[PDB]
Amino acid sequence: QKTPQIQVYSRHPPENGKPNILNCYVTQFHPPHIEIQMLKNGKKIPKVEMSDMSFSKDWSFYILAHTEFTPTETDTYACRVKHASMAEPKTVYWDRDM
Amino acid sequence: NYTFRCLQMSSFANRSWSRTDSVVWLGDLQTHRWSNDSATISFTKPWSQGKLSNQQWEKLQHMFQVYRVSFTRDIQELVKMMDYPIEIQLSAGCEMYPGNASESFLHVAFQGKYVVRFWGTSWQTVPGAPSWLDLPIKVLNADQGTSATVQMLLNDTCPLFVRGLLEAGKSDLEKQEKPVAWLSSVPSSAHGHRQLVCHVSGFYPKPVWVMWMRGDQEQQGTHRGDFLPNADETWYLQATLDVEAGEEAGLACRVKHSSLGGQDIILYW
Ligand SMILES: CCCCCCCCCCCCCCCC(=O)OC[C@H](COP(=O)(O)O[C@@H]1[C@H](O[C@H]2O[C@H](CO)[C@@H](O)[C@H](O)[C@@H]2O)[C@H](O)[C@@H](O)[C@H](O)[C@H]1O[C@H]1O[C@H](CO)[C@@H](O)[C@H](O)[C@@H]1O)OC(=O)CCCCCCCCCCCCCCC
Ligand SMILES: *[C@@H]1O[C@H](CO)[C@@H](O[C@@H]2O[C@H](CO)[C@@H](O[C@@H]3O[C@H](CO[C@H]4O[C@H](CO)[C@@H](O)[C@H](O)[C@@H]4O)[C@@H](O)[C@H](O[C@H]4O[C@H](CO)[C@@H](O)[C@H](O)[C@@H]4O)[C@@H]3O)[C@H](O)[C@H]2NC(C)=O)[C@H](O)[C@H]1NC(C)=O
Ligand SMILES: *[C@@H]1O[C@H](CO)[C@@H](O)[C@H](O)[C@H]1NC(C)=O
Ligand SMILES: *[C@@H]1O[C@H](CO)[C@@H](O)[C@H](O)[C@H]1NC(C)=O
């Protein structure tokens, strides 16, 4: 029973007003059952595509979530994950500077 | 050079709920998916059938169809002699070396831990696997048609199939996509310090060099993150550098990739 790690990054260089794709990449969890939400200002984002689940050489599962997004000065974007290993949902926020 | 992997993911939640989904990878490119909801294996590439005819492909798809069913109830049958939830994973395929050489593998994990392998001509429990596996595995070994089938697949079918995959998917496997790169920074926890970030996105194949430079001198403080997948079958990586306030001037990020043509990308902070 392993805890998920979350990395949130953009596909292209962010620039305010320009269409982009935001990735949320959830690794290292087990068992494979899991709920991934991508959030805009705390509202769940509707049209979110997920990859097929897979696992690495070390057996832990990983999964790629992604949505279209146009970043602005004022919008925050997050990735929230429910999993059996965690008492509590984990949220990591996109930080264009990190 | 190329690892081909068929990855099985089987969850048994109870006496009558179970699912088995798979994905097949040739290197870092997905070739197939097979959903528990689905009768037939799905192609995720125009070339996913490789050099095989329709007759050969159906035959091979048939043997996996009987396998998905039999695996399910052999496992269920096993549990009802013994504790749910059960998660079983299986990783099967071959590593393709240059000079037409190769090595096959068939590894099985239980509860996220490697426990059983197929090796040579029999199934084996891996050292320190639970002892209760010994009897089921000796019993499965007594089934010669299954064991002859697995040897056949591992020894012949896998490398044979992969060779046609590599031919048929040459323009995807040998594709070049350029990295586009950008810089940002962020405070760090120690006062008067910063972390410069060099992000490199959209590149293919995987091998890349990303380093923070001061002129010709590599900044050995460069800290490479992990390769992160994009969704368009390209890669993402970032390299951070912790620096002192003021000391930022003249730092560059330089990236080398096979598709850039020997002209590195150099960004200046
Ligand atoms: C994308 C393309 C890439 C291609 C390259 C792939 C490279 C990787 C290869 C991966 C192959 C993986 C192996 C699958 C191969 C296969 O065909 O298996 C079929 C076999 C077929 O068996 P089956 O039961 O269906 O039938 C048997 C056999 O059938 C014969 O006929 C089949 C075709 O019709 C063939 O597939 C098979 O090879 C064989 O020729 C057996 O040989 C017979 O002796 C037996 O009688 C038969 O039994 C059936 O009939 C009886 C009725 O009289 C019943 O008693 C019985 O229930 C069944 O109906 O079923 C099983 O053995 C399932 C059990 C496998 C489990 C191993 C995992 C180890 C577990 C790890 C432990 C985890 C912890 C546990 C947690 C508690
Ligand atoms: C698919 O490919 C695999 C190879 O990857 C083949 O598996 C090999 O098959 C042969 C023949 O079945 C095996 O050879 C036999 O091994 C016995 C000793 O094994 C030990 O030693 C070797 C290395 O020293 C280890 O690899 C192995 O794990 C053991 O520790 C020998 O004692 C046997 O010889 C005796 O019995 C035979 C009967 O078969 C007699 O003919 C002999 O004269 C002798 O008295 C025998 O040579 C070999 O070990 C297997 N390889 C591995 C690594 O396990 C599959 O055959 C192949 N399948 C197909 C269908 O192509
Ligand atoms: C089997 O497991 C699933 C939970 O994933 C559940 O919906 C189903 O009711 C279970 N069966 C019972 C009644 O134990
Ligand atoms: C997976 O497939 C089997 C056989 O088709 C089916 O009976 C089972 O309900 C499926 N699992 C789920 C959870 O849908």
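As recorded in the entry header, the structure was determined using X-ray crystallography to a resolution of 2.61 Å.

Draft legend 1. Inspection of a nonpolar patch on the surface at higher detail. A grouping of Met81, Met82 and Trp132 of chain B is seen on the molecular surface, where their side chains present a nonpolar patch of about 390 Å² in accessible area. Locating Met82 of chain B in the fold gives a position in the loop between α1 (54-79) and β5 (86-96).

Draft legend 2. Region of interest: the site of ligand 1. Residues and elements named next belong to chain B. The environment of ligand 1 is formed by 26 residues, the closest being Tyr67, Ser70, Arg73, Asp143 and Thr149. The side chain of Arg73 places a nitrogen or oxygen atom 2.6 Å from an oxygen atom of ligand 1. Measuring from an oxygen atom of ligand 1, one finds a backbone N or O atom of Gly145 at 3.2 Å. Summarising the interface, the protein chains cover 70% of the accessible area of ligand 1, which totals 1600 Å² for the free molecule. For the shell around ligand 1, the secondary structure elements donating two or more residues are β1 (2-14), α1, β5, β6 (102-110) and α3 (144-168). The dominant element in the shell around ligand 1, judged by the number of residues it contributes, is α1, at nine residues. Along the lines of polarity and charge, the residues of the shell around ligand 1 split into 19 nonpolar, four polar and three charged.

Draft legend 3. Spotlight on α3 of chain B. All names here are of chain B. The end-to-end C-alpha separation of α3 is 34 Å, in line with the 36 Å expected for 25 residues at 1.5 Å each. Of all the bends in α3, the greatest measures close to 40 degrees and is centred on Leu153. Where α3 is concerned, the buried positions are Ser147, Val150, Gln151, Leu153, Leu154, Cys158, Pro159, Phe161, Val162, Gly164 and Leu165.

Draft legend 4. Expanded view of the site of ligand 3. Residue and element names in this part refer to chain B. Lining the immediate environment of ligand 3, one finds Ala13, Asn14 and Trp17. Between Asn14 and ligand 3, the recorded distance is 2.4 Å, taken from a side-chain N or O atom to an oxygen atom. Bound to the protein, ligand 3 loses 28% of the 370 Å² it would expose on its own.

Draft legend 5. Just the interface of chain A and chain B, in detail. Across the boundary between the two partners, chain A contributes 28 residues, which contact 36 residues of chain B. When the two sides are added together, the surface that chain A and chain B hide from each other amounts to roughly 2500 Å², 59% of it contributed by carbon and sulfur. In terms of surface lost to chain B, no three residues of chain A exceed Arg11, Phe55 and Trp59 of chain A, which account for 28% of the buried area on that side. Inspection of the chain A/chain B interface yields two salt bridges. With a closest N to O distance of 2.6 Å, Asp232 of chain B and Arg11 of chain A form a salt bridge. One can count 14 residue pairs in polar contact joining chain A with chain B.

Draft legend 6. Geometry of the sheet that holds strand β8 (residues 77-83) of chain A. Residues and elements named next belong to chain A. Read across the sheet, four strands follow the order β4-β3-β8-β9 without closing on themselves; strand pairing throughout is antiparallel. Only two strands of the sheet have a single neighbouring strand rather than two, namely β4 (43-44) and β9 (90-93). Judged from the four bridges that link them, β8 and β9 form a sheet pairing that is antiparallel. Following the sheet pairing, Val81 is matched in β9 by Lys90.

Draft legend 7. The UniProt feature "domain: Ig-like" in chain B, seen in detail. If you check UniProt for "domain: Ig-like", the listed places come out as residues 179-269 of chain B in our numbering. In this annotation, residues 179-269 of chain B is assigned 0% helix and 56% strand; the end-to-end C-alpha distance for the span is 18 Å.

Draft legend 8. Spotlight on the nonpolar core. Residues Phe4, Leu26, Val162, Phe203, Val210, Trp212 and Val255 of chain B are the most contacted members of the largest nonpolar core, which totals 38 residues. Shared between two domains, this core holds at least three residues of each, these being domain 1 (1-174) and domain 2 (175-269) of chain B. In contact with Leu26 of chain B, not counting residues within four places along its chain, are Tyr2, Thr3, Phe4, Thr31, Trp47, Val162, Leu165, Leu166 and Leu173 of chain B. Of all hydrophobic cores here, the second largest spans 34 residues; its members include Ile36 and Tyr62 of chain A together with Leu7 and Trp182 of chain B.

Each value, and the rule that gives it
Residues numbered from 1 in each chain as written, not as in the entry; some residues may be left out. Chains lettered and ligands numbered in written order. Heavy atoms only, no water. Patch = residues over 30% accessible without salt bridge, like charges linked within 9 Å, V, L, I, M, F, W, Y side chains within 5 Å. Areas by Shrake-Rupley, 256 points an atom, 1.4 Å probe, with all protein chains shown as cover. Salt bridge = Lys/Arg side-chain N within 4 Å of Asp/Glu carboxyl O. Helix = DSSP H or I, 4+ residues; strand = E, 2+ residues; numbered from the N terminus. Near = heavy atom within 4 Å. Polar contact = N/O pair within 3.5 Å; in protein donor to acceptor, adjacent residues only side chain to side chain. Nonpolar A, V, L, I, M, F, W, Y, C, P; charged D, E, K, R; others polar. Expected span 1.5 Å × (residues − 1). Bend = angle between axes of the 7 residues up to and from the residue. Buried < 20%, exposed > 50% of the residue type's maximum accessible area, 1.4 Å probe, protein only. Contact = heavy atoms within 4.5 Å. Buried area = accessible area lost by both parts, 1.4 Å probe. Pairing = 2+ DSSP bridges. UniProt positions renumbered as here; feature names shortened; annotations may be inferred. Core = buried A, V, L, I, M, F, W, Y, C linked by side-chain atoms within 4.5 Å. Domains from an automatic or database assignment.

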